[PDB]
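Participant: Take a look at the following structure, please.
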Amino acid sequence: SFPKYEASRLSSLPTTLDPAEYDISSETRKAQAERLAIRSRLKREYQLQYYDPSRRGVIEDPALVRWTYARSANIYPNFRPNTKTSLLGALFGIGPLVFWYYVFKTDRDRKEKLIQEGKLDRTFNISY
Amino acid sequence: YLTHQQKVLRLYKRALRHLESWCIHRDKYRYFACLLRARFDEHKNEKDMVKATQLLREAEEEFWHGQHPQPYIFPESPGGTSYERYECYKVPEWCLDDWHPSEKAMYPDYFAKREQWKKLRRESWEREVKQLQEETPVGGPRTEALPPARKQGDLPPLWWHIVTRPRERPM
Amino acid sequence: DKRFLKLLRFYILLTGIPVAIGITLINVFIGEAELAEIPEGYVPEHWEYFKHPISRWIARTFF
Amino acid sequence: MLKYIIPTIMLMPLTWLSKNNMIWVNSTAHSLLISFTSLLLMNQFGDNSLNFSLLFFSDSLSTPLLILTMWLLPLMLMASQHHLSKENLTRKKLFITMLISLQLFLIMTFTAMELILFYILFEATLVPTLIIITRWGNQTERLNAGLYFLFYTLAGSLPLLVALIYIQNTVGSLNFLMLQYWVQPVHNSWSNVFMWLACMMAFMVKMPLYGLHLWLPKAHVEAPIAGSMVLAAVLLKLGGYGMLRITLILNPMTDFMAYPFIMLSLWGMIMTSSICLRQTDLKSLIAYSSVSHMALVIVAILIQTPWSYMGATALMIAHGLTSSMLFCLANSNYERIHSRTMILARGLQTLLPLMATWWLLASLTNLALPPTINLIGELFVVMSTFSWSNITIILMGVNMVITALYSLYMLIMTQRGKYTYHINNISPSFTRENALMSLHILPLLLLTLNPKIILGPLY
Amino acid sequence: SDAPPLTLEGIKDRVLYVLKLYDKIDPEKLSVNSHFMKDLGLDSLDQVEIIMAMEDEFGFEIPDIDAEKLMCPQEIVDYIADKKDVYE
Amino acid sequence: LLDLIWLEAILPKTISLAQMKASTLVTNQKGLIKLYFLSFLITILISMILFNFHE
Amino acid sequence: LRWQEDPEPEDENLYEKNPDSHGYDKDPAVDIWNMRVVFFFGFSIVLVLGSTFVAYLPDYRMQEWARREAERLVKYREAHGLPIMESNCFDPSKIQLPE
Amino acid sequence: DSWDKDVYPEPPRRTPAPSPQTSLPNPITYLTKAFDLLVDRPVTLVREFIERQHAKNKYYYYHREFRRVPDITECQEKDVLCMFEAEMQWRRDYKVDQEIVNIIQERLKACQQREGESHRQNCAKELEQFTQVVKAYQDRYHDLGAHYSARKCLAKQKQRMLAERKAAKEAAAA
Amino acid sequence: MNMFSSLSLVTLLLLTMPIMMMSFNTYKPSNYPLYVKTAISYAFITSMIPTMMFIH
Ligand SMILES: [Zn+2]
């Protein structure tokens with residue numbers, strides 16, 4: 001009758017078809033009410049500076065600073081040379097270089113061999 | 001979150017809006033608009049909450065299967081053809097502080113009255129901060145709803161950026 | 001922004017117009033040179049192998 | 001070259017002996033006269049180069065680099081006036097002295113006829129550059145950036161010193177004119193393999209080459225505005241100038257030693273261009289775009305074709321004015337919002353109308369919109385690399401697609417959209433900033449009318 | 001955009017004009033403050049249809065967060081005035 | 001993976017790390033005269049037994 | 001506190017004290033003279049006159065000469081029936097092959 | 001008049017005469033007259049005024065000539081003075097030959113446009129002269145590299161002469 | 001040809017005239033939309049003269 005919805009990483013599950021929404025218990029209520037507390041608490045701190053009439057500048061957001069830091073300066077100190085990184089670091093770093101080498105080496109060797117034999121057409125080739 | 005009442009009303013508005021897209025014509029929409037309303041009446045006053053949530057759960061799946069692939073959307077609503085079209089003309093009020101004095105000479109009445117609003121905001125700021133510190137619990141706000149002005153001569157807390165916002169057709 | 005564009009326009013034309021007027025006059029009342037065979041026994045200077053007057057002046061004075 | 005060396009030196013007495021409130025005016029006014037007189041180097045001849053004396057000579061390759069080098073000193077002094085406003089008087093004059101010294105070592109490097117003289121000056125540029133990055137940077141990472149910029153250059157430079165001295169003992173001279181007539185074919189042996197690496201690794205660390213480029217995202221990002229301009233505009237082109245000169249005495253070994261470096265450069269364009277699509281810092285995005293552009297220069301130089309050498313020279317000049325322009329534009333935002341994150345200030349076209357026109361023009365030249373000299377240089381390389389191998393068109397083509405993506409992603413993210421509500425200190429653009437950008441784009445667009453003066457000796 | 005500007009009186013007239021055309025509302029007792037639930041014997045489902053007729057009247061959607069919070073024609077008039085910059 | 005991890009870990013970091021380790025060994029010295037001079041004796045013997053510097 | 005340090009100095013707005021500021025300096029007298037040197041030498045001298053000088057370079061790298069010379073040779077070559085261009089750049093009467 | 005015809009040949013023109021077969025006036029005929037009076041004539045008056053000024057202050061410029069010097073084949077190894085002049089002469093001849101390939105290419109491009117749809121057969125002579133000059137240019141200047149010089153060009157010529165000389169031995173083998 | 005060549009280029013140069021006048025501001029605003037329309041309108045008639053010569 002109604003085919004089941006099968007989500008994906010590029011098509012999220014609709015909220016109206018999400019079973020977790022209908023099963024409303026006390027524990028979720030406190031959780032959902034607790035999340036609104038942090039969100040409401042954060043809003044007031046931002047609003048007491050946004051509406052300040054003597055403030056002229058940029059309201060520094062620690063959430064934004066943590067995002068940039070986690071993306072640039074926090075990578076290496078939290079990296080370990082394990083099997084997953086060593087293999088990924090090899091076929092993404094050295095793999096393509098080796099693949100392209102033989103693709104150009106094979107093509108240039110073939111072209112060079114023809115030119116020596118004189119059977120490669122270069123009749124009007126005077127620009128290189 | 002949304003109670004069981006809200007989750008049913010919202011499903012009701014969506015169904016008619018998507019039903020309207022399929023029918024197109026006004027007379028044919030009214031026909032199925034009434035039949036759709038009837039299905040929501042025969043279960044209007046169900047007593048068992050479990051059955052009530054069962055009906056809602058089994059109605060959403062029917063709605064998803066029958067939704068129009070390309071529903072009608074208002075021009076200025078999210079996803080519409082005119083959404084955010086005029087955000088490029090909405091300039092904030094603080095940009096006028098940096099106008100050259102020569103430019104302000106062309107609008108003396110406007111900038112003679114703009115200064116009054118600035119003075120009003122500056123004088124009423126300190127009270128607004130007090131009105132929130134005393135009226136807020138020990139830990140912190142548990143909701144985003146602000147309190148009104150509880151006294152005469154005091155403006156509601158946090159009014160500047162909700163009152164002086166750019167017009168929906170700035171130019 | 002308007003003020004800057006006025007200054008950019010003013011200073012470019014401050015010396016741009018004389019150059020345009022000056023170049024126009026040189027091409028009308030002096031003109032280019034005529035290609036001719038070198039007279040026998042005459043050694044041209046290094047700035048006589050160029051057509052336009054300004055090119056000749058550049059070679060003679062600086063180069 | 002004494003008519004340019006000596007006036008540059010006199011900029012030091014001028015700065016120190018001037019009034020306290022006129023150091024920026026006297027330095028900027030006289031640095032523009034030295035630039036004006038630098039056009040006399042354009043007296044080039046089709047057959048022979050200019051050979052002033054036993055020490056200094058100028059040809060069609062070094063001439064455009066000299067003109068660009070002497071044109072940045074005024075621009076660097078304009079860009080540094082603001083962030084050094086509340087600075088001690090003496091330290092401002094020491095800052096100007098470092099820039100003047102850097103120019104002096106640069107106009108003697110591009111004209112040094114003897115290679116060892118080129119090496120001493122090629123290395124002398126580290127000192128003032130290191131001091132500028134480390135003393136007048138703004139972040140904590142400026143100290144760690146100087147060490148990378150110092151030891152990457154020295155790691156490959158010292159092997160070059162040994163190789164040059166070996167050549168003089170064998171050949172008998174390092175004068176570049178002599179090496180045009182006494183050069184001999186390089187016999188293929190394990191000994192000559194390492195002389196090729198030593199003679200070329202110093203210059204490929206400064207381009208930079210992909211893999212050895214880790215020093216650039218630090219130095220360019222962490223330097224002051226003046227440091228970034230010269231770092232990306234004239235100092236990345238020492239590697240290009242050196243290779244164009246040292247490759248004379250490395251034939252025919254370059255025909256098979258160039259493979260590992262061509263693959264790194266060809267595949268490095270795509271890696272570095274892709275990195276730009278996911279950069280949170282605006283100044284880091286511009287730095288990674290230099291690595292991608294300088295990889296085409298490396299490929300053009302190593303394949304040794306007349307078209308590639310013409311293309312490489314144009315690309316170096318074009319990238320000098322475009323990268324410098326982008327650094328200035330990003331700094332203009334930095335001096336207002338005091339941050340480098342690209343997503344902090346958005347929708348700046350509704351607040352700074354005329355500053356969004358410079359962003360558009362800078363981006364269009366970056367993505368090689370014809371007939372800008374960026375496209376002329378990048379086009380000549382693709383034509384030559386096609387004859388080298390038809391398959392390189394795939395890699396060059398994909399890099400063009402990605403280049404337009406991040407060039408416009410930078411434009412859309414910062415200029416278009418909705419402005420950040422809480423940022424209310426975005427004041428109108430100053431005449432200094434508007435003139436600073438206008439002295440970048442206008443020369444860059446005027447050279448399209450007469451491109452032959454930036455096309456190098458092979459023209 | 002060349003369209004006539006709205007007015008508080010104009011908005012009020014059109015808001016009531018639609019209600020006068022709703023069968024379950026008797027025009028005799030229809031007033032600018034007639035509560036839909038407590039003064040006209042209407043349920044929420046009918047109140048949803050009222051909003052669906054106001055937005056199709058002025059051609060702009062009212063979010064369900066605010067649609068289910070207006071319980072009087074005067075409130076609807078105020079809501080449109082706020083969202084269209086109507087002041088006099 | 002490449003620009004921030006491996007390209008750093010195959011040249012700058014590993015070379016830098018080795019020099020730090022080599023510095024601790026050379027400098028971590030107890031300061032005792034008895035043990036410095038005992039090292040001179042080992043150098044003199046090795047110079048004669050292994051490397052034959054005395055001929 | 002961990003030490004005695006000055007508070008962060010709020011960024012000074014150059015337009016508050018001088019709405020006619022060009023952005024070069026705080027002193028109105030110095031600021032105006034800084035804009036004139038940059039705009040005069042930068043634009044009125046280096047660019048406008050530099051472009052004119054470059055436009056009239058004396059036959060940069062003898063490209064107009066080469067075209068003019070090639071016209072003379074082609075006229076001579078076809079008039080006397082000789083090949084327009086030879087495939088040997090050097091006269092073989094002065095070359096000695098290895099064996 | 002402004003260019004020698006021999007180097008830049010131009011076949012004689014053949015303009016068909018008008019043969020009207022209609023009563024309606026030809027708009028082009030009126031525009032041709034209206035253009036001559038309003039555009040061509042006022043332009044000529046200005047040009048005559050300017051050309052009169054030139055004749056008052058006439059002066060000449062000459063075409064530089066380079067006398068021949070010994071080529072690279074006559075220079076002792078590692079003799080910079082003799083190699084230098086031999087090298088400069090080679091570079092001047094390289095430029096001249098580049099312009100020759102341009103002159104012949106311009107002929108072939110002018111012929112194709114001039115001959116319209118019959119270019120396939122009427123430009124045979126222009127094409128052949130282009131196929132020969134290109135072959136000559138390719139032999140003496142192709143594959144030298146970015147660092148081309150007289151020594152490498154000579155090295156290329158001698159290698160080819162060896163192949164040509166070796167072709168005779170295996171050609172006159174019967 | 002004296003006319004076919006001239007009128008063929010004037011069509012292209014005419015379209016560039018409003019661009020040049022809007023850089024050095026040797027014009028007046030509030031009429032620019034009507035200025036661009038006229039240039040296109042006049043560029044259409046000038047381009048038919050070459051076209052008629054082709055049809056003939
Ligand atoms: Zn700042």
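Identifiers in the structure tokens: chain A, B, ... in order shown; residue index from 1 per chain; ligand index from 1 in order shown.
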I'd like the neighbourhood of residue 169 in chain B as a list in words, where a residue qualifies if any of its atoms comes within 10 Å (using only C-alpha atoms), though same-chain residues fewer than 6 positions away should be ignored.
Facilitator: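 My reading of the contact set: residues 85, 86, 87, 89 and 90 of chain B; 1, 84 and 85 of chain E.
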Participant: Contacts of residue 11 in chain B at 10 Å or less, counting only C-alpha atoms, minus same-chain residues fewer than 5 places along, as number ranges by chain?
Facilitator: A: 16; B: 6, 16, 56, 59-60, 63
Participant: With only C-alpha atoms and all ligand atoms counted, collect every polymer residue having an atom within 8 Å of ligand 1; state the result as a PDB file with C-alpha atoms, in the first residue's frame.
Facilitator:
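Final output, saved to pocket.pdb:
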ATOM      1  CA  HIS D  83      48.019  49.169  11.206  1.00  0.00           C
ATOM      2  CA  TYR D 334      40.490  42.632   8.555  1.00  0.00           C
ATOM      3  CA  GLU D 335      41.156  46.221   9.640  1.00  0.00           C
ATOM      4  CA  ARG D 336      37.410  46.611  10.340  1.00  0.00           C
ATOM      5  CA  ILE D 337      36.176  43.317  11.827  1.00  0.00           C
ATOM      6  CA  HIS D 338      39.566  42.303  13.292  1.00  0.00           C
TER       7      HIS D 338
ATOM      8  CA  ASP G  11      39.892  50.857  17.660  1.00  0.00           C
TER       9      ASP G  11
END
Participant: Using only C-alpha atoms, find each residue of chain B with at least one atom at most 8 Å away from an atom of chain D; report its shortest atom-to-atom pair and that distance in Å (one decimal), sort the rows by chain and rising residue number, and return the result as a tab-separated table.
Facilitator:
residue	atom	partner	partner_atom	distance
B:87	CA	D:418	CA	6.5
B:88	CA	D:350	CA	6.3
B:89	CA	D:350	CA	7.3
B:91	CA	D:350	CA	7.0
B:94	CA	D:424	CA	6.8
B:95	CA	D:424	CA	7.8
B:98	CA	D:427	CA	6.7
Participant: Taking only residues of chain H that have an atom at most 10 Å from an atom of chain D, what is each one's shortest atom pair and its distance in Å to one decimal, using only C-alpha atoms, in chain and number order, as a Markdown table?
Facilitator:
| residue | atom | partner | partner_atom | distance |
| --- | --- | --- | --- | --- |
| H:77 | CA | D:182 | CA | 8.6 |
| H:78 | CA | D:182 | CA | 6.0 |
| H:79 | CA | D:181 | CA | 8.3 |
| H:80 | CA | D:181 | CA | 6.7 |
| H:83 | CA | D:181 | CA | 7.3 |
| H:84 | CA | D:181 | CA | 8.0 |
| H:87 | CA | D:47 | CA | 8.6 |
| H:88 | CA | D:47 | CA | 5.5 |
| H:89 | CA | D:47 | CA | 7.8 |
| H:90 | CA | D:47 | CA | 8.7 |
| H:91 | CA | D:47 | CA | 5.6 |
| H:92 | CA | D:47 | CA | 6.0 |
| H:93 | CA | D:47 | CA | 9.6 |
| H:94 | CA | D:47 | CA | 9.6 |
| H:95 | CA | D:46 | CA | 8.3 |
| H:143 | CA | D:305 | CA | 8.4 |
| H:144 | CA | D:305 | CA | 8.6 |
| H:145 | CA | D:305 | CA | 5.3 |
| H:146 | CA | D:305 | CA | 4.7 |
| H:147 | CA | D:248 | CA | 6.4 |
| H:148 | CA | D:306 | CA | 9.0 |
| H:149 | CA | D:180 | CA | 8.6 |
| H:150 | CA | D:181 | CA | 9.9 |
| H:151 | CA | D:181 | CA | 8.7 |
Participant: Please save N, CA and C atoms of the selected residues as a PDB file, in the first residue's frame.
Facilitator:
ATOM      1  N   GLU H  77      86.375  26.299 -31.011  1.00  0.00           N
ATOM      2  CA  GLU H  77      85.661  25.930 -29.797  1.00  0.00           C
ATOM      3  C   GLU H  77      86.089  26.806 -28.628  1.00  0.00           C
ATOM      4  N   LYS H  78      85.104  27.242 -27.845  1.00  0.00           N
ATOM      5  CA  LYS H  78      85.335  28.027 -26.634  1.00  0.00           C
ATOM      6  C   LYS H  78      86.006  29.363 -26.937  1.00  0.00           C
ATOM      7  N   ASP H  79      85.759  29.911 -28.123  1.00  0.00           N
ATOM      8  CA  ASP H  79      86.213  31.252 -28.486  1.00  0.00           C
ATOM      9  C   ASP H  79      85.007  32.177 -28.384  1.00  0.00           C
ATOM     10  N   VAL H  80      84.912  32.901 -27.268  1.00  0.00           N
ATOM     11  CA  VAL H  80      83.709  33.676 -26.987  1.00  0.00           C
ATOM     12  C   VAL H  80      83.553  34.819 -27.982  1.00  0.00           C
ATOM     13  N   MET H  83      82.372  33.309 -31.343  1.00  0.00           N
ATOM     14  CA  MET H  83      81.051  32.715 -31.174  1.00  0.00           C
ATOM     15  C   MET H  83      79.990  33.784 -30.961  1.00  0.00           C
ATOM     16  N   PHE H  84      80.307  34.814 -30.174  1.00  0.00           N
ATOM     17  CA  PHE H  84      79.315  35.830 -29.844  1.00  0.00           C
ATOM     18  C   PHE H  84      78.741  36.473 -31.100  1.00  0.00           C
ATOM     19  N   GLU H  87      76.746  34.053 -33.032  1.00  0.00           N
ATOM     20  CA  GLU H  87      75.466  33.746 -32.404  1.00  0.00           C
ATOM     21  C   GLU H  87      74.454  34.863 -32.629  1.00  0.00           C
ATOM     22  N   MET H  88      74.885  36.120 -32.505  1.00  0.00           N
ATOM     23  CA  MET H  88      73.969  37.233 -32.724  1.00  0.00           C
ATOM     24  C   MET H  88      73.435  37.231 -34.149  1.00  0.00           C
ATOM     25  N   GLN H  89      74.299  36.942 -35.125  1.00  0.00           N
ATOM     26  CA  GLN H  89      73.850  36.868 -36.512  1.00  0.00           C
ATOM     27  C   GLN H  89      72.793  35.788 -36.689  1.00  0.00           C
ATOM     28  N   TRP H  90      72.981  34.638 -36.044  1.00  0.00           N
ATOM     29  CA  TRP H  90      72.002  33.563 -36.148  1.00  0.00           C
ATOM     30  C   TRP H  90      70.656  33.990 -35.578  1.00  0.00           C
ATOM     31  N   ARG H  91      70.668  34.722 -34.462  1.00  0.00           N
ATOM     32  CA  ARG H  91      69.416  35.154 -33.851  1.00  0.00           C
ATOM     33  C   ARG H  91      68.696  36.175 -34.723  1.00  0.00           C
ATOM     34  N   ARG H  92      69.443  37.043 -35.406  1.00  0.00           N
ATOM     35  CA  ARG H  92      68.810  37.981 -36.326  1.00  0.00           C
ATOM     36  C   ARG H  92      68.192  37.254 -37.513  1.00  0.00           C
ATOM     37  N   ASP H  93      68.839  36.187 -37.988  1.00  0.00           N
ATOM     38  CA  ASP H  93      68.276  35.417 -39.092  1.00  0.00           C
ATOM     39  C   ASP H  93      67.088  34.578 -38.644  1.00  0.00           C
ATOM     40  N   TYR H  94      67.062  34.164 -37.377  1.00  0.00           N
ATOM     41  CA  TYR H  94      65.905  33.440 -36.865  1.00  0.00           C
ATOM     42  C   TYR H  94      64.651  34.303 -36.937  1.00  0.00           C
ATOM     43  N   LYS H  95      64.760  35.576 -36.552  1.00  0.00           N
ATOM     44  CA  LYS H  95      63.604  36.465 -36.604  1.00  0.00           C
ATOM     45  C   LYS H  95      63.138  36.687 -38.036  1.00  0.00           C
ATOM     46  N   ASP H 143      62.454  21.743 -32.550  1.00  0.00           N
ATOM     47  CA  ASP H 143      62.953  20.843 -31.509  1.00  0.00           C
ATOM     48  C   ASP H 143      64.257  21.319 -30.883  1.00  0.00           C
ATOM     49  N   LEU H 144      64.711  22.538 -31.172  1.00  0.00           N
ATOM     50  CA  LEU H 144      65.930  23.027 -30.537  1.00  0.00           C
ATOM     51  C   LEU H 144      65.747  23.168 -29.030  1.00  0.00           C
ATOM     52  N   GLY H 145      64.608  23.696 -28.602  1.00  0.00           N
ATOM     53  CA  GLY H 145      64.315  23.910 -27.198  1.00  0.00           C
ATOM     54  C   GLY H 145      64.263  25.389 -26.856  1.00  0.00           C
ATOM     55  N   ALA H 146      63.920  25.655 -25.594  1.00  0.00           N
ATOM     56  CA  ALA H 146      63.862  27.034 -25.123  1.00  0.00           C
ATOM     57  C   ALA H 146      65.233  27.691 -25.180  1.00  0.00           C
ATOM     58  N   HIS H 147      66.287  26.931 -24.889  1.00  0.00           N
ATOM     59  CA  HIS H 147      67.656  27.440 -24.957  1.00  0.00           C
ATOM     60  C   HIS H 147      68.280  27.114 -26.315  1.00  0.00           C
ATOM     61  N   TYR H 148      67.636  27.600 -27.373  1.00  0.00           N
ATOM     62  CA  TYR H 148      68.172  27.396 -28.710  1.00  0.00           C
ATOM     63  C   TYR H 148      69.407  28.261 -28.923  1.00  0.00           C
ATOM     64  N   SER H 149      70.286  27.801 -29.808  1.00  0.00           N
ATOM     65  CA  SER H 149      71.504  28.529 -30.126  1.00  0.00           C
ATOM     66  C   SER H 149      72.051  27.996 -31.442  1.00  0.00           C
ATOM     67  N   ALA H 150      73.067  28.687 -31.961  1.00  0.00           N
ATOM     68  CA  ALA H 150      73.670  28.274 -33.223  1.00  0.00           C
ATOM     69  C   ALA H 150      74.296  26.892 -33.106  1.00  0.00           C
ATOM     70  N   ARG H 151      74.875  26.579 -31.947  1.00  0.00           N
ATOM     71  CA  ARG H 151      75.524  25.285 -31.772  1.00  0.00           C
ATOM     72  C   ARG H 151      74.529  24.140 -31.892  1.00  0.00           C
TER      73      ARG H 151
END
Participant: Taking the DSSP assignment computed from this structure's backbone, write out as a PyMOL selection string all residues of chain G that belong to helix (DSSP H, G or I).
Facilitator: chain G and resi 28-55+60-79+92-94
Participant: Those selected residues, please, written with C-alpha atoms and delivered as a tab-separated table (two decimals), in the first residue's frame.
Facilitator:
chain	number	residue	atom	x	y	z
G	28	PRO	CA	44.21	67.09	8.27
G	29	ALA	CA	47.20	68.94	6.80
G	30	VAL	CA	49.35	65.83	6.41
G	31	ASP	CA	46.38	63.73	5.29
G	32	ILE	CA	45.55	65.96	2.32
G	33	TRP	CA	49.18	66.17	1.17
G	34	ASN	CA	49.52	62.38	1.37
G	35	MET	CA	46.60	61.98	-1.03
G	36	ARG	CA	48.06	64.43	-3.54
G	37	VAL	CA	51.49	62.77	-3.80
G	38	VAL	CA	49.94	59.32	-4.26
G	39	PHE	CA	47.35	60.50	-6.79
G	40	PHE	CA	49.78	62.69	-8.75
G	41	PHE	CA	52.89	60.51	-9.01
G	42	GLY	CA	50.89	57.28	-8.97
G	43	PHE	CA	48.40	58.22	-11.69
G	44	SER	CA	49.41	61.46	-13.41
G	45	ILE	CA	53.07	60.47	-13.89
G	46	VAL	CA	53.81	56.76	-13.58
G	47	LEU	CA	50.69	55.48	-15.35
G	48	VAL	CA	49.60	58.14	-17.84
G	49	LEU	CA	53.11	59.09	-18.94
G	50	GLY	CA	54.47	55.58	-18.40
G	51	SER	CA	51.85	54.27	-20.82
G	52	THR	CA	52.81	56.89	-23.41
G	53	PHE	CA	56.50	56.00	-23.11
G	54	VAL	CA	55.74	52.28	-23.49
G	55	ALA	CA	53.44	52.97	-26.44
G	60	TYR	CA	60.93	46.79	-29.12
G	61	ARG	CA	63.27	43.88	-29.90
G	62	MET	CA	63.42	44.78	-33.61
G	63	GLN	CA	60.16	43.17	-34.67
G	64	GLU	CA	59.25	45.81	-37.25
G	65	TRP	CA	62.78	45.53	-38.64
G	66	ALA	CA	62.46	41.76	-39.03
G	67	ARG	CA	59.23	42.08	-41.01
G	68	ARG	CA	60.82	44.78	-43.17
G	69	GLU	CA	63.91	42.63	-43.76
G	70	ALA	CA	61.84	39.57	-44.69
G	71	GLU	CA	60.08	41.64	-47.36
G	72	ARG	CA	63.43	42.40	-49.01
G	73	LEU	CA	64.54	38.76	-49.06
G	74	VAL	CA	61.24	37.41	-50.41
G	75	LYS	CA	61.33	39.99	-53.21
G	76	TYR	CA	64.89	38.92	-54.05
G	77	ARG	CA	64.25	35.18	-53.67
G	78	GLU	CA	61.22	34.89	-55.96
G	79	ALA	CA	62.60	37.36	-58.51
G	92	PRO	CA	77.55	22.74	-46.18
G	93	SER	CA	80.75	23.75	-48.00
G	94	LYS	CA	82.22	24.44	-44.52
Participant: I'd like the contact shell of residue 238 in chain D - 8 Å cut-off, only C-alpha atoms, skipping same-chain residues fewer than 4 positions apart - returned as a PyMOL selection string.
Facilitator: chain D and resi 122+203+206-207+234+242
Participant: Applying 12 Å and only C-alpha atoms, which residues near residue 61 in chain E remain after dropping the ones on its own chain fewer than 6 positions away? List them as a PyMOL selection string.
Facilitator: (chain B and resi 13+17+72-78+80+83) or (chain E and resi 51-55+67+79-80+83)
Participant: Write the residues of the preceding selection, restricted to N, CA, C and O atoms, as a tab-separated table (two decimals), in the first residue's frame.
Facilitator:
chain	number	residue	atom	x	y	z
B	13	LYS	N	-3.64	21.80	7.75
B	13	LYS	CA	-3.34	22.90	6.84
B	13	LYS	C	-2.53	22.41	5.64
B	13	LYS	O	-2.80	22.81	4.50
B	17	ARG	N	-3.52	22.54	1.51
B	17	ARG	CA	-2.65	23.28	0.60
B	17	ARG	C	-2.14	22.38	-0.52
B	17	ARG	O	-2.08	22.81	-1.68
B	72	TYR	N	2.23	24.24	-4.77
B	72	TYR	CA	2.19	25.69	-4.87
B	72	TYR	C	2.83	26.31	-3.63
B	72	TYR	O	2.63	25.84	-2.51
B	73	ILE	N	3.62	27.36	-3.85
B	73	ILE	CA	4.26	28.09	-2.77
B	73	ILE	C	4.04	29.57	-3.01
B	73	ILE	O	4.13	30.05	-4.15
B	74	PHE	N	3.73	30.30	-1.94
B	74	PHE	CA	3.51	31.73	-2.08
B	74	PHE	C	4.78	32.41	-2.58
B	74	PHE	O	5.89	31.95	-2.28
B	75	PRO	N	4.66	33.50	-3.34
B	75	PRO	CA	5.87	34.11	-3.91
B	75	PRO	C	6.92	34.48	-2.88
B	75	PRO	O	8.11	34.32	-3.15
B	76	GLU	N	6.52	34.97	-1.71
B	76	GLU	CA	7.45	35.47	-0.71
B	76	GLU	C	7.68	34.50	0.44
B	76	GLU	O	8.36	34.86	1.41
B	77	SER	N	7.13	33.30	0.37
B	77	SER	CA	7.35	32.32	1.42
B	77	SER	C	8.66	31.57	1.19
B	77	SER	O	9.20	31.58	0.08
B	78	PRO	N	9.19	30.91	2.22
B	78	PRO	CA	10.41	30.12	2.03
B	78	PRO	C	10.27	29.14	0.88
B	78	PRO	O	9.34	28.33	0.83
B	80	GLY	N	9.82	30.24	-2.20
B	80	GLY	CA	9.09	30.92	-3.24
B	80	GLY	C	10.00	31.67	-4.20
B	80	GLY	O	11.19	31.85	-3.97
B	83	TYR	N	11.31	34.99	-2.51
B	83	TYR	CA	11.87	34.93	-1.17
B	83	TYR	C	13.22	35.63	-1.13
B	83	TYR	O	14.09	35.39	-1.98
E	51	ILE	N	-7.73	31.27	8.64
E	51	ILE	CA	-6.40	31.75	8.26
E	51	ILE	C	-6.10	31.40	6.81
E	51	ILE	O	-5.53	32.21	6.07
E	52	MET	N	-6.48	30.19	6.38
E	52	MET	CA	-6.27	29.81	4.99
E	52	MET	C	-7.05	30.69	4.03
E	52	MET	O	-6.73	30.71	2.83
E	53	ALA	N	-8.06	31.40	4.51
E	53	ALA	CA	-8.79	32.36	3.69
E	53	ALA	C	-8.23	33.77	3.79
E	53	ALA	O	-8.42	34.57	2.87
E	54	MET	N	-7.55	34.09	4.90
E	54	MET	CA	-6.92	35.40	5.01
E	54	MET	C	-5.65	35.47	4.17
E	54	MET	O	-5.40	36.48	3.50
E	55	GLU	N	-4.83	34.42	4.20
E	55	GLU	CA	-3.59	34.43	3.43
E	55	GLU	C	-3.87	34.38	1.94
E	55	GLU	O	-3.16	35.03	1.15
E	67	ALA	N	-0.15	31.45	13.22
E	67	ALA	CA	-1.51	31.28	12.74
E	67	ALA	C	-2.43	30.77	13.84
E	67	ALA	O	-3.57	31.23	13.97
E	79	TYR	N	-1.75	41.76	12.78
E	79	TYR	CA	-0.68	40.91	12.25
E	79	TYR	C	-0.29	41.34	10.85
E	79	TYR	O	0.90	41.43	10.53
E	80	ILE	N	-1.27	41.62	9.99
E	80	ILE	CA	-0.97	42.06	8.63
E	80	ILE	C	-0.31	43.44	8.65
E	80	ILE	O	0.62	43.70	7.88
E	83	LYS	N	3.33	43.04	9.45
E	83	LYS	CA	4.09	42.34	8.43
E	83	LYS	C	4.06	43.04	7.07
E	83	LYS	O	4.61	42.51	6.10
Participant: Residues of chain C within 12 Å of chain G, counting only C-alpha atoms, what are they? List them as a ChimeraX atom specification.
Facilitator: /C:1,3-20,22-23,35,46-63
